[PDB]
Amino acid sequence: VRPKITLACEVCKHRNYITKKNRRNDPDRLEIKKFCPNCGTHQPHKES
Amino acid sequence: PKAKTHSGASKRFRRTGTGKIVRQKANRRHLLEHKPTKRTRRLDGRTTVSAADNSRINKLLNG
Amino acid sequence: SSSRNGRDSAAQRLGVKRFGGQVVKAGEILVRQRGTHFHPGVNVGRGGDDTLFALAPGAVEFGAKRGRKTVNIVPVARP
Amino acid sequence: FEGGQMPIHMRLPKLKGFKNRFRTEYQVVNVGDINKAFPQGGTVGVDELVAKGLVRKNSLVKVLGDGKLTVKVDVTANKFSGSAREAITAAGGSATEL
RNA sequence: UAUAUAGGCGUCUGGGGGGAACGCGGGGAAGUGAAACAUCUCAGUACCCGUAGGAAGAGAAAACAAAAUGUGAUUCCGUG
RNA sequence: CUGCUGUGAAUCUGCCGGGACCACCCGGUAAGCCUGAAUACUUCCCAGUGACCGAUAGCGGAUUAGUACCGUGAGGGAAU
RNA sequence: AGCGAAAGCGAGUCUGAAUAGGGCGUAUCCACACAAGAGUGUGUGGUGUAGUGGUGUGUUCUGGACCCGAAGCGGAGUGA
RNA sequence: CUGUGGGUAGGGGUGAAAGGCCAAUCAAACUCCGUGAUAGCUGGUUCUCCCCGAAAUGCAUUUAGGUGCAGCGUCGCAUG
RNA sequence: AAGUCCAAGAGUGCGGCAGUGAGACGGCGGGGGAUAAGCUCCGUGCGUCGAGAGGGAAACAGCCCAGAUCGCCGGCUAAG
RNA sequence: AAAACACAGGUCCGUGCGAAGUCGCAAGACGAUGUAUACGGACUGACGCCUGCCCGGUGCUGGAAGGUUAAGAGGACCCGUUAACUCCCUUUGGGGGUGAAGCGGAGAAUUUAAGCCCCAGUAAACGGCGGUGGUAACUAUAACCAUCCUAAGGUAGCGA
RNA sequence: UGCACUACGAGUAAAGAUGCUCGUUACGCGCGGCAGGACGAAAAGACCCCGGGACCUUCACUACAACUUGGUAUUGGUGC
RNA sequence: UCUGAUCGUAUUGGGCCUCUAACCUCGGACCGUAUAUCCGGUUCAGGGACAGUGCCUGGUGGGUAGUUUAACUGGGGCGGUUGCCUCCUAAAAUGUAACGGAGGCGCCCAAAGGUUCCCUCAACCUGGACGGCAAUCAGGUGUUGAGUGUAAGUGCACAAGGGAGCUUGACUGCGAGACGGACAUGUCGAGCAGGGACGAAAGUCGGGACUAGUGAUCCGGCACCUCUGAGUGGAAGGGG
């Protein structure tokens, strides 16, 4: 009902974060701006 | 008969230049989602083994 | 019979860790609490779990500001 | 044995890394020791260092610049640290890596 | 059952069994330890089988090492 | 490296070994052998040794000793 | 001679784009300065760092492991 | 019913079945060996005196009559 | 800030060696019990026994006095 | 020493005969110098009256079409190294993309057994063998009213 | 069979005393008897619990002995 | 010959009927052999390419074997419990037991996080339409009495409670001096690149008012890495 989701950077496709959403409340792949360390700037991060 | 070294201790502990026995902290292998990065950093790296366990760790490492 | 009780959490060892007059480094935990029984005072900060710690060094001083017990750090002049 | 609870040699993680079977390790001698052993300077090879008792007899010698160099030395070691080479040159000597 | 054979007759030559240890080749436990236990250990131990000899097995690299005009059968010690 | 089961190659532009495969590169020419010394042991014999025992010790056995005795037996097994 | 997981570098090293701080090391101690009073640092200059072989002793490791004691387990045999 | 001579043997025999009998022992005989099995258990552990001197708590524990570490003793150093 | 300070034979740190980890009763504070138990579980820079002789409670580990270095056929006392 | 075992009698099951079963690694043996009116096994236990219902669970005995289903030479694809292709720097050589022959991996489609799933039997196989409650069920009672659930509801007989 | 010139009552005590307290009783030593005590002897309680065994059971686990598949030795003219 | 019904050969396959030669027969007769229900040679008669066991393979498998079948526990069993959080026990620091008294927890968050800025909630009428105890938004009155996502507390009205704007501070990467700390887990993060807004300047944030919402190590997965790569090149594998 709330899986461990892995957010990856859209630019480098580095799996950077592991959060938990609710698959029901927010079924769509989560999109939030966080910075990959290797990129440096906050870039859009999406579920794997 | 040579004194055999404990393999597990040999693999989990190390000595520094001065001789301090160092170890990595537990709770950093898996189930890392909920752990705040502050806890993960606190657990990161090596620390000297506590004085209480220093004796038995040294005995296991020497023989 | 059988009692439905028998449980209790591990005591968290709360309370004041530095009392008024104790000199502390910049960062020492002055109090541990669940709410804000003590509110942070001058050069005292409040942490995530409501821990009062010293933002600056010096002696702890318990006071009251507007009917709220407060923990302050008064600087200690180097002699 | 620790009473049956997970021992300290099992509840702690194994230290990270590998030992690198092929690691090339150097017996090191510092330029301060070069000074102390050779106040006269001169050619200082692995044989000279071993004779003066600064490195093991059959080993890859490396030179490090920890002390201070004040004499002309023609050192010859498998490798030289940057500081060791710099001090060897500054003292009017030469650092032939061989 | 026919060239032809299993076998039968006669003669020489050997074998048989014992032996404490060591050898080689096979089979191969369990108590035990793992503070339980099965992997594992015990242990290739005990025991068992087959076999030698004064010794035996291995032995003269289609080897090992790594760029050294490297060593050059095996075995056995010390180290590693 | 090896056992049992199948499948099963070429003979030097061959084949192995380098802990899978290469312009590779090195080691070289297996699938048949015999080979002393260095090594292990002491039933037995000889000459010695002991900061070994000294008759409840030392071999079980200084005398009858694997005897007497016990057990159907394997076996156990003294005392002096 | 350490740091690190090694290309490794080396009185430094690891972490880190980030001379950002920390970890671990540079025996120890003394003086000089520069700094900051966040608990002291930074360099500079001094004396120069102490292991390692026997061996005693106490613990300890592998062995029977201070000594005695099971019921039971295994191997090979003996018994109707 | 019984004599004599036989046969069946240990995870096996035999059992008009009692788990009975299998050499005064049988819910797996006996002897030797593994073997000085192992036992968190019980017992025992031998001369003296001088100094100090506990603990029976905490945590954890396939743990609760065991053990690890801490607490408390002692002996060395260091601070004083 | 003093006191104790030719000592408490103190505190702290690091090492060698531990033993202990079954506690008992008494006073006080409490839980369980019936605000029974010589009950049970806690707290107590509380005590004593444990590990403590001596005097008193008659006898009587835990109560009161009092902590035995030895010898006196000396004296003063504690509880009583 | 019995109420237990056995027993003669019964029933079921197995067995086409170096049988089944058993001792054996095996050979061989017993069974049996026997032959289905014989053997082995299970239960019951003379004899007499009888052994009523149930094959749902589990065994056994047959198999209904499927599905699942190891061991293989079914070996797509993919992956390693590279003869070689292309291009960048850079030019007395290393940076990407494509990459045959091969040899070396991991290997999917497809592929057929038993068993399982599944259908029918089997209770002298292990085992099962209720309610209603509306009746006069007779108010000693066996059926009857017509009722839910399974596979069925304990039939005769006996019973402190 | 630790002792011994081994009383009784009420007590106290590890809560059932020949051995301790305060009393009571009792000349020493035997002999024949009886069995109330010495928590009498016997057998390191067969109960209970804990630890460990063994054997037994089973839709406990893991194995192993006892049935199907592939090709191997089985084998082909012309077959479908 | 390209989509393509049929091609005839040779190679190799699932299956059915078989020809006998493998192999089998405790079916017969012979001979070794005077003795012989042994066995093994010949032969005949049957099976037959099955069966048999060999290797590998699936199933059934207490038939046998080795084992495991927890502790606490006012004896043991039955029952109950075992980890975490909150309270009282708990003797005004910390801590403190019982099979003591009570409850919660193995979650919810993409907003219920961050940040800026605003607001206060209960309880009664002058009074109201269907409108009642309770709706309204009736503020008209009334002093912080409700509400905190969720147990309990400690807090919160200054708000931590109620609203909106933007946004993704789980600064993720690097990390202060410090501290909470039998051995195995927590509080601030002052600084750094890169952010978030609101804005306007100043400004604050390392998920939540706080303490539960979790599981060491070992083993392996999966991504990225300027790490190693058993002669060298890669590769496998390993490492971070």
# chains A, B, ... in the order shown; residues from 1 in each chain; ligands from 1

$ select_by_dssp --residues "chain B" --states "alpha helix (DSSP H)" --output "PyMOL selection string"
chain B and resi 7-12+37-43+51-62

$ residues_around --residues "segment 19-31 of chain L" --least-positions-apart "4" --cutoff "9 Å" --atoms "only C-alpha atoms (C1' of nucleotides)" --output "VMD selection string"
(chain J and resid 18) or (chain K and resid 73 to 76) or (chain L and resid 41 to 49 51 to 52)

$ write_last_selection --atoms "C-alpha atoms (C1' of nucleotides)" --output "PDB file, in the first residue's frame"
ATOM      1  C1'   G J  18      13.034 -69.912  -9.610  1.00  0.00           C
TER       2        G J  18
ATOM      3  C1'   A K  73      24.383 -52.782 -24.574  1.00  0.00           C
ATOM      4  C1'   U K  74      20.798 -53.617 -26.821  1.00  0.00           C
ATOM      5  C1'   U K  75      18.792 -53.766 -33.692  1.00  0.00           C
ATOM      6  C1'   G K  76      17.970 -54.104 -39.202  1.00  0.00           C
TER       7        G K  76
ATOM      8  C1'   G L  41      29.380 -75.224 -23.226  1.00  0.00           C
ATOM      9  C1'   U L  42      26.324 -77.068 -27.485  1.00  0.00           C
ATOM     10  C1'   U L  43      21.593 -77.413 -29.391  1.00  0.00           C
ATOM     11  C1'   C L  44      16.286 -76.986 -29.667  1.00  0.00           C
ATOM     12  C1'   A L  45      12.032 -74.264 -28.183  1.00  0.00           C
ATOM     13  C1'   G L  46      10.344 -69.617 -26.391  1.00  0.00           C
ATOM     14  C1'   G L  47      10.691 -64.206 -25.260  1.00  0.00           C
ATOM     15  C1'   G L  48      13.142 -60.075 -27.558  1.00  0.00           C
ATOM     16  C1'   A L  49      14.968 -55.752 -29.073  1.00  0.00           C
ATOM     17  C1'   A L  51      13.122 -56.637 -19.921  1.00  0.00           C
ATOM     18  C1'   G L  52      17.557 -56.546 -16.899  1.00  0.00           C
TER      19        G L  52
END

$ interface_residues --of "chain L" --to "chain B" --cutoff "8 Å" --atoms "only C-alpha atoms (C1' of nucleotides)" --output "VMD selection string"
chain L and resid 170 183 to 184 206 216

$ write_last_selection --atoms "N, CA, C and O atoms (P, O5', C5', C4', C3', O3' and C1' of nucleotides)" --output "PDB file, in the first residue's frame"
ATOM      1  P     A L 170      11.958  17.602   3.524  1.00  0.00           P
ATOM      2  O5'   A L 170      12.685  16.191   3.720  1.00  0.00           O
ATOM      3  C5'   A L 170      13.713  16.046   4.692  1.00  0.00           C
ATOM      4  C4'   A L 170      14.819  15.098   4.263  1.00  0.00           C
ATOM      5  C3'   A L 170      15.296  15.209   2.820  1.00  0.00           C
ATOM      6  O3'   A L 170      16.349  16.141   2.718  1.00  0.00           O
ATOM      7  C1'   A L 170      14.859  12.939   3.365  1.00  0.00           C
ATOM      8  P     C L 183      28.864   0.540  26.711  1.00  0.00           P
ATOM      9  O5'   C L 183      29.152  -0.878  26.063  1.00  0.00           O
ATOM     10  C5'   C L 183      30.344  -1.128  25.336  1.00  0.00           C
ATOM     11  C4'   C L 183      30.212  -2.373  24.502  1.00  0.00           C
ATOM     12  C3'   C L 183      29.457  -2.224  23.190  1.00  0.00           C
ATOM     13  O3'   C L 183      30.262  -1.758  22.123  1.00  0.00           O
ATOM     14  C1'   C L 183      28.589  -4.055  24.374  1.00  0.00           C
ATOM     15  P     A L 184      29.603  -0.921  20.924  1.00  0.00           P
ATOM     16  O5'   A L 184      28.616  -1.940  20.170  1.00  0.00           O
ATOM     17  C5'   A L 184      27.748  -1.458  19.144  1.00  0.00           C
ATOM     18  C4'   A L 184      26.729  -2.469  18.658  1.00  0.00           C
ATOM     19  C3'   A L 184      25.328  -1.920  18.368  1.00  0.00           C
ATOM     20  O3'   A L 184      25.159  -1.175  17.162  1.00  0.00           O
ATOM     21  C1'   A L 184      25.091  -3.762  19.744  1.00  0.00           C
ATOM     22  P     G L 206      16.304  20.651   8.756  1.00  0.00           P
ATOM     23  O5'   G L 206      16.540  19.882   7.388  1.00  0.00           O
ATOM     24  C5'   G L 206      15.628  18.890   6.938  1.00  0.00           C
ATOM     25  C4'   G L 206      16.347  17.613   6.591  1.00  0.00           C
ATOM     26  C3'   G L 206      16.692  16.729   7.780  1.00  0.00           C
ATOM     27  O3'   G L 206      16.656  15.358   7.395  1.00  0.00           O
ATOM     28  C1'   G L 206      18.680  17.445   6.729  1.00  0.00           C
ATOM     29  P     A L 216      18.777  -5.414  10.283  1.00  0.00           P
ATOM     30  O5'   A L 216      20.179  -5.506  11.013  1.00  0.00           O
ATOM     31  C5'   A L 216      20.615  -4.485  11.896  1.00  0.00           C
ATOM     32  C4'   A L 216      21.775  -4.966  12.719  1.00  0.00           C
ATOM     33  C3'   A L 216      22.837  -5.718  11.940  1.00  0.00           C
ATOM     34  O3'   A L 216      23.804  -4.853  11.387  1.00  0.00           O
ATOM     35  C1'   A L 216      22.177  -7.002  13.799  1.00  0.00           C
TER      36        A L 216
END

$ select_by_dssp --residues "chain C" --states "strand (DSSP E or B)" --output "VMD selection string"
chain C and resid 15 to 16 23 to 24 29 to 32 39 to 40 44 to 46 52 to 54 58 to 64 69 to 74

$ write_last_selection --atoms "N, CA and C atoms" --output "CSV table (one decimal), in the first residue's frame"
chain,number,residue,atom,x,y,z
C,15,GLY,N,14.9,14.7,31.4
C,15,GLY,CA,15.2,15.6,32.5
C,15,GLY,C,16.3,16.6,32.2
C,16,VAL,N,16.7,17.3,33.2
C,16,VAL,CA,17.8,18.3,33.0
C,16,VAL,C,19.2,17.6,33.1
C,23,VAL,N,28.8,25.1,33.7
C,23,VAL,CA,29.4,25.7,32.5
C,23,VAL,C,29.5,24.6,31.4
C,24,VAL,N,29.1,25.0,30.2
C,24,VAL,CA,28.9,24.0,29.2
C,24,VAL,C,29.6,24.5,27.9
C,29,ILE,N,23.9,19.2,25.5
C,29,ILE,CA,22.4,19.1,25.7
C,29,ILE,C,22.1,19.5,27.2
C,30,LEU,N,21.3,20.6,27.3
C,30,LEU,CA,21.0,21.1,28.6
C,30,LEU,C,19.8,20.4,29.2
C,31,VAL,N,18.8,20.0,28.4
C,31,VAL,CA,17.6,19.3,28.8
C,31,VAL,C,17.1,18.4,27.8
C,32,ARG,N,16.5,17.3,28.2
C,32,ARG,CA,15.8,16.4,27.4
C,32,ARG,C,14.4,16.3,27.9
C,39,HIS,N,11.5,26.1,27.8
C,39,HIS,CA,11.6,26.7,26.5
C,39,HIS,C,13.0,27.2,26.3
C,40,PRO,N,13.5,27.2,25.0
C,40,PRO,CA,14.9,27.7,24.8
C,40,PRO,C,15.0,29.2,25.1
C,44,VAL,N,20.4,29.3,23.6
C,44,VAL,CA,19.9,27.9,23.8
C,44,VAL,C,19.0,27.6,22.6
C,45,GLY,N,19.2,26.4,22.0
C,45,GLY,CA,18.3,26.0,20.9
C,45,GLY,C,17.5,24.8,21.3
C,46,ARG,N,16.5,24.5,20.5
C,46,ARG,CA,15.6,23.4,20.7
C,46,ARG,C,15.7,22.5,19.5
C,52,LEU,N,16.9,20.7,24.6
C,52,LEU,CA,17.5,22.0,24.8
C,52,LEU,C,19.0,21.8,24.8
C,53,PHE,N,19.7,22.5,23.9
C,53,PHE,CA,21.1,22.4,23.8
C,53,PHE,C,21.7,23.9,23.8
C,54,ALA,N,23.0,24.0,24.1
C,54,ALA,CA,23.7,25.2,24.2
C,54,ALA,C,24.2,25.7,22.8
C,58,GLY,N,29.1,28.6,28.0
C,58,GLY,CA,28.9,29.4,29.2
C,58,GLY,C,28.0,28.7,30.2
C,59,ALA,N,27.6,29.4,31.2
C,59,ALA,CA,26.9,28.8,32.4
C,59,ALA,C,25.4,28.7,32.1
C,60,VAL,N,24.8,27.6,32.5
C,60,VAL,CA,23.4,27.4,32.4
C,60,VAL,C,22.7,28.3,33.4
C,61,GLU,N,21.6,28.8,33.1
C,61,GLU,CA,20.8,29.7,34.0
C,61,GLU,C,19.3,29.5,33.7
C,62,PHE,N,18.6,29.0,34.7
C,62,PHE,CA,17.2,28.8,34.5
C,62,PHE,C,16.4,30.0,34.9
C,63,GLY,N,15.6,30.5,34.0
C,63,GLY,CA,14.8,31.7,34.3
C,63,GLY,C,13.4,31.5,33.8
C,64,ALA,N,12.6,32.6,33.7
C,64,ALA,CA,11.3,32.6,33.3
C,64,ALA,C,11.0,33.8,32.5
C,69,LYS,N,9.1,28.6,31.9
C,69,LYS,CA,10.4,28.2,32.3
C,69,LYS,C,11.4,28.1,31.1
C,70,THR,N,12.6,28.7,31.3
C,70,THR,CA,13.5,28.9,30.1
C,70,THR,C,14.9,28.6,30.6
C,71,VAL,N,15.7,28.1,29.6
C,71,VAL,CA,17.1,27.7,29.8
C,71,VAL,C,17.9,28.7,29.0
C,72,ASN,N,18.8,29.4,29.7
C,72,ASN,CA,19.7,30.4,29.1
C,72,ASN,C,21.1,30.0,29.3
C,73,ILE,N,22.0,30.5,28.4
C,73,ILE,CA,23.4,30.4,28.6
C,73,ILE,C,23.9,31.8,28.8
C,74,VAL,N,24.5,32.0,30.0
C,74,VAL,CA,25.1,33.3,30.3
C,74,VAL,C,26.6,33.1,30.0

$ interface_residues --of "chain B" --to "chain D" --cutoff "7 Å" --atoms "only C-alpha atoms" --output "count of residues only"
8

$ residues_around --residues "segment 68-78 of chain F" --least-positions-apart "3" --cutoff "7 Å" --atoms "only C-alpha atoms (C1' of nucleotides)" --output "PyMOL selection string"
(chain G and resi 77-79) or (chain H and resi 31)

$ residues_around --residues "residue 6 of chain F" --least-positions-apart "5" --cutoff "10 Å" --atoms "only C-alpha atoms (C1' of nucleotides)" --output "number ranges by chain"
K: 71-72; L: 55-56

$ interface_residues --of "chain L" --to "chain A" --cutoff "12 Å" --atoms "only C-alpha atoms (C1' of nucleotides)" --output "list in words"
residues 107, 108, 109, 110, 111, 167, 168, 169, 170, 171, 172, 173, 174, 193, 194, 195, 196, 207, 222, 223, 224 and 225 of chain L

$ closest_residue --among "G:50, G:33, G:38, G:61" --to "chain C" --atoms "only C-alpha atoms (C1' of nucleotides)"
G:38

$ residues_around --residues "segment 11-16 of chain H" --least-positions-apart "6" --cutoff "12 Å" --atoms "only C-alpha atoms (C1' of nucleotides)" --output "number ranges by chain"
G: 80; H: 22, 27-29; J: 4-7, 23; K: 55; L: 64-65

$ residues_around --residues "segment 54-62 of chain H" --least-positions-apart "6" --cutoff "9 Å" --atoms "only C-alpha atoms (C1' of nucleotides)" --output "VMD selection string"
(chain D and resid 2 to 6) or (chain E and resid 36) or (chain H and resid 68 to 73) or (chain I and resid 19 to 23 51) or (chain L and resid 70 to 71 182)
